[PDB]
Amino acid sequence: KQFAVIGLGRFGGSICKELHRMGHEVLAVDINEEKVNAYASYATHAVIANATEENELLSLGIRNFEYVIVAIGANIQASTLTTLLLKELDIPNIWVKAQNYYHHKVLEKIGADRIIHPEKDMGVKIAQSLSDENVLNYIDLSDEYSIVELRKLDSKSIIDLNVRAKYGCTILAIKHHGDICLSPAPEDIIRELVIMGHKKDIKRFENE
Amino acid sequence: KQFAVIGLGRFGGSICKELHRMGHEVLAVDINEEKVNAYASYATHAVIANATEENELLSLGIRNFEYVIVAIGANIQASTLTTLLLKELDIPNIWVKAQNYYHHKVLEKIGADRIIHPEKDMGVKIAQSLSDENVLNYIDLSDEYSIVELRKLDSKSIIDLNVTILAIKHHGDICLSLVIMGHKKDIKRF
Amino acid sequence: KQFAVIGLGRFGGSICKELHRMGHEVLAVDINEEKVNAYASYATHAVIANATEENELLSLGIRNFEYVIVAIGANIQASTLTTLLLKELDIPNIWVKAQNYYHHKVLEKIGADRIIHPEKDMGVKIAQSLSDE
Amino acid sequence: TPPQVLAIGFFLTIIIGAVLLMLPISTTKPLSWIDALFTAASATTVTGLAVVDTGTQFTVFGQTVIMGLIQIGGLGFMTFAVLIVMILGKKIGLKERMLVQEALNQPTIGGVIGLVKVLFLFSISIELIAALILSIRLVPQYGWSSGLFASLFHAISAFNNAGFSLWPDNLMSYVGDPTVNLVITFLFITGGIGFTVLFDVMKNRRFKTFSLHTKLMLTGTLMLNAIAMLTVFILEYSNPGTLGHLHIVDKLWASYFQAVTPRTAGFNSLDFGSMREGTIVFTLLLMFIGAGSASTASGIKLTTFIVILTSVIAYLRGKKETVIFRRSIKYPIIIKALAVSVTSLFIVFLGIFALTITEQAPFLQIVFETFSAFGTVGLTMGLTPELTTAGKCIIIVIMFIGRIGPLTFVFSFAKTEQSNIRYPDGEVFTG
Amino acid sequence: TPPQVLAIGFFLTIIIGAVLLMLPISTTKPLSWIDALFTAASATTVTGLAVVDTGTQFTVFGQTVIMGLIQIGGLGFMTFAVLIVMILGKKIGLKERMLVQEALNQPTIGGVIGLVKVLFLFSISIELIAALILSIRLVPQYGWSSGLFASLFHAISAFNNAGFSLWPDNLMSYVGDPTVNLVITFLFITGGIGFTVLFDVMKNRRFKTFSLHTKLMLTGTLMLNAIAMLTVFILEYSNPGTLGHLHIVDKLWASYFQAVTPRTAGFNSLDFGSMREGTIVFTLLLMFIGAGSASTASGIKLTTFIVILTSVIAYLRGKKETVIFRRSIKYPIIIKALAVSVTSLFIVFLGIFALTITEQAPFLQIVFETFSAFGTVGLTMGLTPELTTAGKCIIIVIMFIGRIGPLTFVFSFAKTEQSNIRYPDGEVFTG
Ligand SMILES: Nc1ncnc2c1ncn2[C@@H]1O[C@H](COP(=O)(O)OP(=O)(O)OP(=O)(O)O)[C@@H](O)[C@H]1O
Ligand SMILES: Nc1ncnc2c1ncn2[C@@H]1O[C@H](COP(=O)(O)OP(=O)(O)OP(=O)(O)O)[C@@H](O)[C@H]1O
Ligand SMILES: Nc1ncnc2c1ncn2[C@@H]1O[C@H](COP(=O)(O)OP(=O)(O)OP(=O)(O)O)[C@@H](O)[C@H]1O
Ligand SMILES: [K+]
Ligand SMILES: [K+]
Ligand code: NA
Ligand code: NA
């Protein structure tokens, strides 16, 4: 697996550092010299290049990468022309960071395999946490079912609450001072919690 | 025939590539390094120079070219001073890309052999196509006669209509003796 | 004698070319690289320097010149600090190009030996020609 | 002045060492003023050129003074000055820290005192271990008093890239011995690779984490030694004087030893006087190039040679930048490497020119001697014992400038004044 | 390809000249394939190294072929190609004009065809006048048929910096003659100063109006000749072999002649084989440096030597820019001069290395021969007649690369691809 990350910003630079940490060959490309110097130690290869130029793109041997990540999300012209070149160069997987809804529509027309909205996805997740302070983190399995990680419940056993059949949600795990429990069979003492269930049913539990 | 093209834009770069394709010696001059690098393969010689400087103009041997094309149409000062230098250097043919009407007037005073309005000429031709969707392309022979290339006419013989029809295109096949030549008013009647 | 012309503009460059044509040793100083290259052939010595810095002024041997002409006439700060340095360096003759009336007064205070108004003086001669044509 | 302190301090160590060697206690036979000055200079510059035999001319005390001069010269004058200051309780100031940066050729003063602590601790440790490894071999041959001192002397001599030997034949009796060949070669390869390189491979232990300088030295040394070993073996295979009447196993040892000793230790196992001129010509280039930049070796460093060579190759291929290991090399690095190379070549040319005037010797020996002295290598073709007093004085100057570095030597007597004025561009054809 | 046309065209002139010299008409004694190829290469590269005596081996027709090869090589292949094209009525195109710019090492194509017209007209004019001046002296000694041809041969040989001589002793019988000394020295000093320099002094006639390149060549040549003349006179004053048994008036002539002939004519009046090694060492540096950039002389040009030397001195004094004659010298000039100097030194090193392997000759003669061949000087210490066939082949390659220039030769077989990508800066210590 050889990965190319084009554009070293907050999003693109984070991908380079994480992939390099996992032990992958990463080519970091950016048009700004200061960015490339900073990430020269966090990538296998770091090049100062303009990704909108076909000659510079071919000078990098970009055809040797299965995955190319275009992490340019504030320059629509630079973002769309880069992915147009990569599609012309027959890159199998092209993942692009989109700016707005109109940028997303263009990238879908010119063939971006995956389109990413980092700030928009995080903003929705943060806004869910603001609305319900109990909700610490959640993953949306579907449009009606989700897994949500959450003093009345304190000193209460699992068998004490019968939300298993009434509310209809299964308690996946409970965190006890840095200790996790898998398949918690009642009764276990709850001390001042991961639950899977229907989205409406989960809200019922938070009420009581 | 040795041609010099000064200024490598959409218009100047198109002239360099077309002349080079036809097999001509083209000198491509531009003040921007990135432009010169791009067209270095589409010209016999490509130089990064300021055409408003006489010393740089003489360093190129510009006197050896019969035709010089000044394709700078957004910098009036750079365009007019370049052609003033070329006229002083006794270049036989100087063709200049003009920006507006006032730029055209200045270039006529300082002796430009031919003045070109690329966008203005195309805009008039496009606007003719917009007005009449039937009109695909046309050449104006005069101010009253022109050749215009164009379901009622379908399945109709030439002798069926008693309206000169220069040629008709049949699925990529052309016939000599829908292209029609006639008076401008008469063409609109058809 | 030796002349130093600081600031190669329309007025400063015209002094260098005329003095160099007459066969005089002229030092041309300008903070702009393009100006110095253009006047390299029209001066005995052409240097890219900032005249407001004393160290750069001493690097040129400015004390060797009897006449120094400050031909900066649009930058009052650069013009007045240059002639302040030259007055400190005990230059016998300092001729400065003034911008307006207030610039003229400042230069007269800080010891400019002669103050020149090229555009203002020509504008009066042209106006006289227009009135009586 | 930091360059001035380096020159003044290094020059004093030559005079102090010369006085000690000229004492009746440190010598067995009468010693001339020039020979004592030459031997001290050859030791503090860690060159190894020997007018008189070290084993016979000097006594045990004299050889101990030689070890002190070798150790002081190998690690540098400022390395010991900081340690003495540190032990006396005095803290290193900003002015003193700038001297250490200049002495170690460091671009920044960041952690330069910590580098001195590491390199000295590493130096004494590796020499002590190497002495023990040499002791087991050298004890049955010379007993205990002589055997232990011989191993200690050669371990210090090898690590510092000195080439001094107590035996009359410098290591020529250990051609086939793997222990002496492996230990001594390992000493001056690591001693000359560079202190910064060793420190980098100590903390970091994966190649991709090494700095650009460390990667250049490790790959450059391996490639340069491999090319040298092949050249010596092929050219000298059928030479009766050297490498001819030897077994294939001994041929590989001698070829390997004579490929790494020019940079810049100066030990030998074959007679360079009987080698073919083709091998000598390649050795001239070999010992003009040195080893790591901040180390016990001298000459133009291996990185200086690579930086210039890559810069030229980049120009010949139309490239606008010098790139090694996917890193661009800036103009200040290029100009410094060119200043080092041009000044070094000019000094060698003057030494060859001066020696031809002074002495009536074959030209090849004069050229070999000057390159050997300037690189502080110490290899000889037989000219050093035959040098006249004027010739010895020239070699002393060449050895001194070679060790201190031509740039630092010039910076000592050249004053730099900063001028902010520029000049219009001039055109000149340099074809 | 412009560099490729220069190499291909120059190589063909060697083969064509070799065939003509190997014909029975152009020779008196049987001539080997290698000697014919060597003589043709030595003439078209305008070097002057002579395996066989020109006066005896070749006939008048053969010597006429030598003059043609000397004239073609001295002015360059492209100089005559343009003239032939111009006479045939064909106009010079842009592609052809670019070849002339490459051949003349010109930065711009501005007025490069006019330069060719001037330099050829100047060349034939000055040689014809010089032949007439030499004719009055050389007619009473050799009659009319031989005397006129001898003067014409030497005038063409001198102006083109060839060093070919019809007499067995190359100009050794005219040591005290002022006419031969003045005319011949004036021919190769002006022939090698540079065509652009001569053109500049023709139109402009005041020193302050000269370009930077012209001022460097005029002042550099005067200073370099003055230093060389003093060195030869002082070192060779008491040498019995050369300059010893001569009058003071003849000593000054011979010292002056031997100071300017290494750059790069190759005539002699004294025997370089009997000179002291100190004078030979200085001559090595003298003929490694050449003369004007666009001229009939070779080697690294005098401006290349000055640009590098001034750039190093500027660095050693802390200055951030290289300034000569109140003009700053840009980085592209510095890097090109470095590429010229490094590639030239590497080629000379290979030639010395190759010659030592091939031939059993004293090292000084091998070094002198390689520097003489690469600079296309032609001075010998006695090695050229003793070269083996393999040794002659090496010299032919060295002479060919020296005349064409190491940069143009490398550009012939090196393809340049433009990449706009840059790399992060890397740090490396080049002390
Ligand atoms: N043509 C280009 N080729 C390569 N890199 C480019 C190009 N144009 C911009 N970049 C770089 O891509 C990076 C990301 O672009 P930019 O900062 O505009 O986006 P962003 O959406 O604000 O980024 P982020 O939110 O990840 O910080 C920047 O470091 C920028 O310099
Ligand atoms: N002084 C100059 N000398 C040479 N080239 C110049 C100069 N000034 C501008 N150019 C170049 O001329 C080209 C065309 O100029 P410009 O972009 O201003 O005109 P334009 O009318 O917008 O062009 P086009 O419509 O053909 O794209 C550009 O590539 C520009 O860099
Ligand atoms: N500090 C300085 N040192 C040297 N030269 C300077 C300095 N500041 C400005 N100059 C130069 O002085 C010249 C004249 O200055 P400027 O153009 O502001 O004046 P001006 O009144 O417009 O002149 P002019 O009418 O003569 O064209 C310019 O070439 C400018 O670059
Ligand atoms: K040594
Ligand atoms: K010659
Ligand atoms: Na963002
Ligand atoms: Na346009």
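Whatever order the structure lists ligands and atoms in, that order sets their numbers, starting from 1. Throughout, protein chains are lettered first and strands after them, A, B, ... in sequence-line order, and every chain is numbered starting at 1. The analysis underlying the following values was restricted to heavy atoms, covering all of them including side chains, and did not include hydrogens, waters or symmetry mates.
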Counting only heavy atoms closer than 4.0 Å, does ligand 1 sit against the backbone of A:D30, its side chain, both, or neither?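 Both backbone and side chain.
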Where's the contact between A:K97 and ligand 1, heavy-atom distance under 4.0 Å: side chain, backbone, both or neither? side chain
Which one holds for [X] and ligand 3: side chain close, backbone close, both close, or neither close, with close meaning a heavy atom under 4.0 Å?
X	answer
C:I31	both
C:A49	backbone
C:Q99	neither

Taking atom 17 (O) of ligand 3 as the reference point, report whether a protein heavy atom occurs under 4.0 Å from it. no
Do any nitrogen or oxygen atoms of [X] come within less than 3.5 Å of a nitrogen or oxygen of ligand 1?
X	value
A:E119	yes
A:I6	no
A:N50	yes

Name whichever N, O or S atom of B:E119 ends up nearest to the Na ion (ligand 7).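 Of the nitrogen, oxygen and sulfur atoms in B:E119, the Na ion (ligand 7) lies nearest to OE2.
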Answer yes or no as to whether an N/O/S atom of B:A74 is found below 3.0 Å from the Na ion (ligand 7). no
Nearest to [atom], what protein heavy atom do you find, and at what distance?
atom	value
atom 9 (C) of ligand 3	C:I72 CG2, 3.9 Å
atom 26 (O) of ligand 3	C:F11 N, 2.8 Å
atom 14 (C) of ligand 3	C:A71 O, 3.5 Å
atom 24 (P) of ligand 3	C:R10 N, 3.6 Å
atom 3 (N) of ligand 3	C:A51 N, 3.3 Å

State whether D:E321 and D:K330 are salt-bridged, where the test is any N-O pair (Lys NZ or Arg NE/NH1/NH2 against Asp/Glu carboxylate O) under 4.0 Å. no
In terms of atom number and element, which parts of ligand 3 are under 4.0 angstrom from non-hydrogen atoms of C:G73?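 By the 4.0 Å cutoff, the relevant atoms are 19 (O), 21 (O).
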Which atoms of ligand 3 have any heavy atom of C:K35 under 4.0 Å away?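 Contacts of ligand 3 toward C:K35, numbered from 1: 28 (C), 29 (O).
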Is the [atom1] atom of [X] crowded by more than 12 outside heavy atoms at less than 6.0 Å?
X	atom1	value
A:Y42	OH	no
A:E18	CD	yes
B:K120	NZ	yes

Nearest heavy-atom pair of C:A46 and D:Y423: which atoms, and what distance?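 Shortest heavy-atom separation between C:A46 and D:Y423 comes out as O-CD2, 4.3 Å.
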Would you call the rings of A:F3 and A:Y67 parallel, tilted or perpendicular, taking 30° and 60° as the class edges? tilted
Look at the rings of B:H104 and B:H117 and say which category their plane angle falls in: under 30° parallel, 30 to 60° tilted, over 60° perpendicular.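 Rings of B:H104 and B:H117: parallel, as their planes differ by under 30°.
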For salt bridge (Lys or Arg N to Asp or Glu O under 4.0 Å), just list the numbers for C:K97 and C:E119, CA-CA rounded to whole Å, side-chain angles, deciding distance to a tenth of an Å, and then say yes or no. CA-CA 10 Å; C:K97 170 192 176 74; C:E119 303 88 355; 2.9 Å; yes
In ligand 1, which numbered atoms sit nearer than 4.0 Å to a non-hydrogen atom of A:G7?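 Counting from 1, the qualifying ligand atoms are 5 (N), 11 (C), 12 (O), 13 (C).
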